[PDB]
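Undergrad: Can you keep this structure in mind? I'll have questions shortly.
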Amino acid sequence: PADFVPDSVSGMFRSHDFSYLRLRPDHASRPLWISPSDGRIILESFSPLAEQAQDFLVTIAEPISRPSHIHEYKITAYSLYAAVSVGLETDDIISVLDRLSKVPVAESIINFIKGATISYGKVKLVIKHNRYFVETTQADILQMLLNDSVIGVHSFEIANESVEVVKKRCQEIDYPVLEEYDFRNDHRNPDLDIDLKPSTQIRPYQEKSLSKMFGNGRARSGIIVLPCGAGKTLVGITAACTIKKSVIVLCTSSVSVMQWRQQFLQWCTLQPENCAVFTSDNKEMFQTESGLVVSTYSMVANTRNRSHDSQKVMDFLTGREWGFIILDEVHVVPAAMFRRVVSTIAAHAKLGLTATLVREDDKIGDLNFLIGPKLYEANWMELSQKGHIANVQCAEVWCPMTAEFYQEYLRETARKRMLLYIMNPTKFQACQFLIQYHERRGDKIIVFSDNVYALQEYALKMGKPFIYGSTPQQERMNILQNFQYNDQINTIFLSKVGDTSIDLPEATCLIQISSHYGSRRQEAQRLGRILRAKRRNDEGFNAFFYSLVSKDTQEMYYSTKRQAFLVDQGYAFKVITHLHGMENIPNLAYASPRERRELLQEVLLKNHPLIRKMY
Amino acid sequence: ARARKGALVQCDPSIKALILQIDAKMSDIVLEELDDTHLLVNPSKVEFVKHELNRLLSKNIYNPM
Ligand SMILES: Nc1ncnc2c1ncn2[C@@H]1O[C@H](COP(=O)(O)OP(=O)(O)O)[C@@H](O)[C@H]1O
Ligand code: BEF
Ligand SMILES: [Mg+2]
């Protein structure tokens with residue numbers, strides 16, 4: 001910024017006027033705009049070299065939003081740490097950035113890349129016989145690590161529990177640690193001979209994801225983010241198949257444990273002998289040299305009360321030095337005690353698999369040192385147009401509450417306010433009319449409702465099956481099987497239980513009467529259920545995703561906040577003020593005033609052997 | 001036949017509750033009730049109530065930041 005006359009409209013831009021720089025004549029070809037201060041990147045998706053830089057930019061810059069035409073990216077310290085890992089130096093980044101940037105890379109941006117791109121590659125953490133050694137390739141690091149107030153060719157031991165502390169210390173200090181596993185030269189750990197059968201097929205986007213993880217030839221530790229239904233299960237299977245070592249899978253559900261094992265058996269060639277499932281039902285552990293354990297975070301994260309049956313398994317897990325760990329739905333690993341499994345379980349490589357990499361609290365960034373940086377992220381829109389995932393016509397239906405109910409809405413306290421507007425009569429009519437309309441079309445409908453009481457009320461009146469936490473595994477499976485293979489039943493009423501890692505290929509339509517406040521991942525994960533549509537390639541097919549919201553209620557504040565992640569991905573929500581043909585439906589719930597008042601009162605009222613013969 | 005100065009407010013049933021609730025705490029707001037979707041209010045309070053209603057309605061609308 002030297003000798004540049006401000007414009008009369010420069011006042012409107014509060015220090016954001018970046019016109020001080022000039023533009024080269026080759027602006028017609030260069031597809032990258034760079035903000036000299038904020039680090040933001042604006043990418044043209046309708047210009048030559050778009051595909052040329054679509055992969056280079058993703059590696060260096062994380063995506064904040066990738067709508068149809070103009071893609072938005074931002075460069076951050078964490079993003080650079082991921083990029084520098086895969087054989088990238090400042091010189092290469094600077095040379096390519098200038099070759100592609102319409103506007104010159106400012107000194108501030110140049111300074112930012114220099115600082116964070118030079119630290120990588122001077123400290124490594126290795127594991128030997130369940131003993132963790134902070135090995136360094138140069139002796140100069142001893143004067144920096146051993147003298148650290150937190151800690152405690154040269155190699156020194158470090159406590160397993162202290163790993164969660166030193167890794168954060170590594171981020172704070174200049175040198176961050178990298179977890180690279182040389183499986184090729186690792187012979188001490190017994191190998192597991194498994195390869196994908198010929199029937200298997202590797203999709204290009206998955207192939208790119210695997211390449212980002214096996215770029216240098218040594219297994220990396222990080223996170224792979226793919227849209228729901230992209231096939232993350234096969235990505236984990238391929239990673240397990242190529243490493244050919246002891247592996248384990250952790251999932252935060254019981255039904256999903258069978259799903260992962262079922263996919264594992266069919267895709268790869270692992271024999272049933274080497275696979276053991278550690279759940280509440282069975283706890284036997286494989287005695288063969290090497291195998292797989294598909295367990296849940298609850299079983300491995302428990303510390304206080306472990307019984308004899310589970311205690312023996314825990315000793316077996318801890319005693320042996322494993323090679324790989326798979327964390328399905330890794331967006332819940334940095335929790336208070338779910339993160340303990342990473343440290344307690346010894347493994348030379350860690351993989352994270354979550355469709356959504358966001359959470360309400362600011363602990364999402366902690367995944368960098370719990371499991372590693374972000375390796376690859378796949379755009380939802382690109383896969384959708386390629387026929388790999390289904391298209392969804394997201395809609396938001398506005399249901400104005402009736403006057404009688406709204407009268408109690410103002411007075412009622414917030415705690416009971418939720419229950420008040422969740423069972424408003426208008427939403428019943430919309431849900432019933434939409435369900436009937438889609439049932440006539442021949443659509444498999446899934447109804448989600450976080451509130452158990454509302455879920456029961458909907459099902460009891462509508463005479464449709466409902467599933468919630470109290471139901472057993474056998475009953476829910478029977479309901480699920482009936483909903484899939486039987487033509488008689490085409491709609492089910494699910495709850496928060498099936499919000500994640502559930503495969504419903506036949507599901508095409510989804511309705512959400514009321515859900516979990518401001519949570520965003522719930523909105524996206526639930527949307528992933530209908531992204532599984534088997535008939536996602538037939539012409540004119542469009543999955544339906546509805547979110548009934550009461551007008552003039554806090555649900556609008558929650559609804560607009562929870563769907564803030566889908567808009568970033570690219571999905572757009574349509575407002576439906578009125579449903580055509582809804583009045584001509586023969587019967588509707590609570591049509592007469594008498595029935596409406598009956599509902600209002602009920603919801604308002606909610607809150608010695610000898611002696612034995614005598615008797 | 002008395003010309004009672006007031007603003008002829010036409011509103012939906014949802015908004016009607018707000019004006020009634022607003023009148024509950026501040027009695028002077030609503031002069032009289034006309035019908036379910038119609039109301040008569042103090043002409044002076046019209047400027048204040050409209051801004052007051054927006055603040056209450058502003059809460060249920062999310063703001064990105
Ligand atoms: N390459 C592939 N070949 C065959 N089916 C695939 C492939 N990739 C994904 N699928 C299918 O996609 C669906 C979802 O797979 P899954 O791994 O459970 O997805 P995610 O875990 O990402 O939600 C399943 O029906 C699975 O068989
Ligand atoms: F992301 Be998937 F639906 F497990
Ligand atoms: Mg999955």
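FYI, nothing fancy with the structure tokens labels: chains A, B, ... in order, residues from 1 per chain, ligands from 1 as they appear.
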Which residues of chain B are close to chain A, meaning at most 12 Å apart when you count only C-alpha atoms, and how do they look as a ChimeraX atom specification?
TA: /B:11-22,24-25,36-37,53-54,56-65
Undergrad: Report as number ranges by chain which protein, DNA and RNA residues come within 9 Å of ligand 1, using only C-alpha atoms and all ligand atoms.
TA: A: 200-204, 206, 225-236, 259-260, 263, 267, 328-329, 353-355, 388-389, 500-505, 528-529, 531-534
Undergrad: Near stretch 179-194 of chain A, within 10 Å and counting only C-alpha atoms, which residues show up once chain neighbours fewer than 3 positions away are dropped, as a VMD selection string?
TA: chain A and resid 85 123 to 129 197 216 to 222 237 to 238 240 to 247 268 to 271 274 289 to 292 320 to 324 347 to 350 371 to 372
Undergrad: Could you name the residues that touch residue B:4 at 12 Å or less, counting only C-alpha atoms, but leaving out those on the same chain fewer than 6 positions away, as a PyMOL selection string?
TA: chain B and resi 31-32+40-43
Undergrad: Tell me, which residues of stretch 458-611 of chain A carry DSSP strand (DSSP E), written as a list in words?
TA: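 Taking stretch 458-611 of chain A and keeping strand (DSSP E) only, one gets residues 491, 492, 493, 494, 507, 508, 509, 510, 511, 512, 513, 514, 543, 544, 545, 546, 547, 548, 549, 550, 551, 574, 575 and 576 of chain A.
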Undergrad: What does the structure give for the distance between atom CA of residue A:83 and atom CA of residue A:331, in Å to one decimal?
TA: 21.2 Å
Undergrad: Between atom CA of residue B:55 and atom CA of residue A:425, what is the spacing in Å?
TA: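 Rounded to one decimal, the two atoms are 27.1 Å apart.
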Undergrad: Identify, on the basis of only C-alpha atoms, every residue whose closest approach to residue A:168 does not exceed 9 Å; exclude the query and any residue fewer than 5 positions from it along the same chain; express the result as a list in words.
TA: residues 163, 173, 176, 366, 369 and 370 of chain A
Undergrad: Now that the selection is made, can you save its residues with N, CA and C atoms as a short mmCIF file (atom, residue, chain, number, x, y, z; two decimals), in the first residue's frame?
TA:
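Wrote result_18.cif, looks like this:
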```
data_model
loop_
_atom_site.label_atom_id
_atom_site.label_comp_id
_atom_site.auth_asym_id
_atom_site.auth_seq_id
_atom_site.Cartn_x
_atom_site.Cartn_y
_atom_site.Cartn_z
N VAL A 163 0.89 -38.29 26.48
CA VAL A 163 0.85 -38.05 25.04
C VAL A 163 -0.11 -36.90 24.73
N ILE A 173 5.02 -25.27 20.85
CA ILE A 173 6.43 -25.04 20.54
C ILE A 173 6.59 -25.01 19.03
N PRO A 176 6.03 -29.03 15.41
CA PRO A 176 4.97 -30.01 15.62
C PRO A 176 5.38 -31.40 15.15
N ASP A 366 -9.29 -29.52 18.05
CA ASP A 366 -8.44 -30.42 18.81
C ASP A 366 -8.12 -31.71 18.06
N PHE A 369 -4.23 -32.76 16.85
CA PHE A 369 -3.23 -33.47 17.64
C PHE A 369 -3.75 -34.74 18.29
N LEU A 370 -5.07 -34.95 18.31
CA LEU A 370 -5.60 -36.23 18.76
C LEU A 370 -5.34 -37.33 17.74
#
```
Undergrad: Contacts of residue A:34 at 7 Å or less, counting only C-alpha atoms, minus same-chain residues fewer than 4 places along, as a PDB file with N, CA and C atoms, in the first residue's frame?
TA:
```
ATOM      1  N   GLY A  39      -6.326 -13.559   4.052  1.00  0.00           N
ATOM      2  CA  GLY A  39      -5.940 -14.852   3.526  1.00  0.00           C
ATOM      3  C   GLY A  39      -7.019 -15.557   2.740  1.00  0.00           C
ATOM      4  N   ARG A  40      -8.166 -14.916   2.531  1.00  0.00           N
ATOM      5  CA  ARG A  40      -9.248 -15.530   1.779  1.00  0.00           C
ATOM      6  C   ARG A  40      -8.851 -15.711   0.320  1.00  0.00           C
ATOM      7  N   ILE A  41      -9.409 -16.745  -0.303  1.00  0.00           N
ATOM      8  CA  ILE A  41      -9.154 -17.060  -1.703  1.00  0.00           C
ATOM      9  C   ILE A  41     -10.495 -17.211  -2.404  1.00  0.00           C
ATOM     10  N   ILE A  42     -10.668 -16.501  -3.514  1.00  0.00           N
ATOM     11  CA  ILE A  42     -11.859 -16.608  -4.346  1.00  0.00           C
ATOM     12  C   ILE A  42     -11.456 -17.300  -5.639  1.00  0.00           C
ATOM     13  N   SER A 101      -2.249 -16.751  -9.080  1.00  0.00           N
ATOM     14  CA  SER A 101      -2.951 -15.657  -8.425  1.00  0.00           C
ATOM     15  C   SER A 101      -3.104 -14.473  -9.371  1.00  0.00           C
ATOM     16  N   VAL A 103      -3.966 -11.491  -8.253  1.00  0.00           N
ATOM     17  CA  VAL A 103      -3.366 -10.402  -7.487  1.00  0.00           C
ATOM     18  C   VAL A 103      -2.103 -10.930  -6.817  1.00  0.00           C
TER      19      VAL A 103
END
```
Undergrad: What are the DSSP helix (DSSP H, G or I) residues of chain B, as a list in words?
TA: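 The helix (DSSP H, G or I) residues within chain B come out as residues 13, 14, 15, 16, 17, 18, 19, 20, 21, 22, 23, 24, 25, 45, 46, 47, 48, 49, 50, 51, 52, 53, 54, 55, 56, 57, 58 and 59 of chain B.
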Undergrad: Which residues are near residue A:327? Cut-off 8 Å, only C-alpha atoms, ignore same chain within fewer than 6 positions. Put them as a VMD selection string.
TA: chain A and resid 249 to 251 333 350 to 353
Undergrad: Return the single residue from A:224, A:277, A:549, A:576 that is closest to ligand 2, with distances computed using only C-alpha atoms and all ligand atoms.
TA: A:224
Undergrad: What is the atom CA of residue A:524-atom 1 (F, counted along the ligand's line) of ligand 2 distance in Å, reported with one decimal?
TA: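 These two atoms are separated by 9.7 Å.
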Undergrad: Which one is closest to ligand 2: A:507, A:313, A:566, A:527? Count only C-alpha atoms and all ligand atoms.
TA: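 Ranked by minimum distance to ligand 2, first place goes to A:527.
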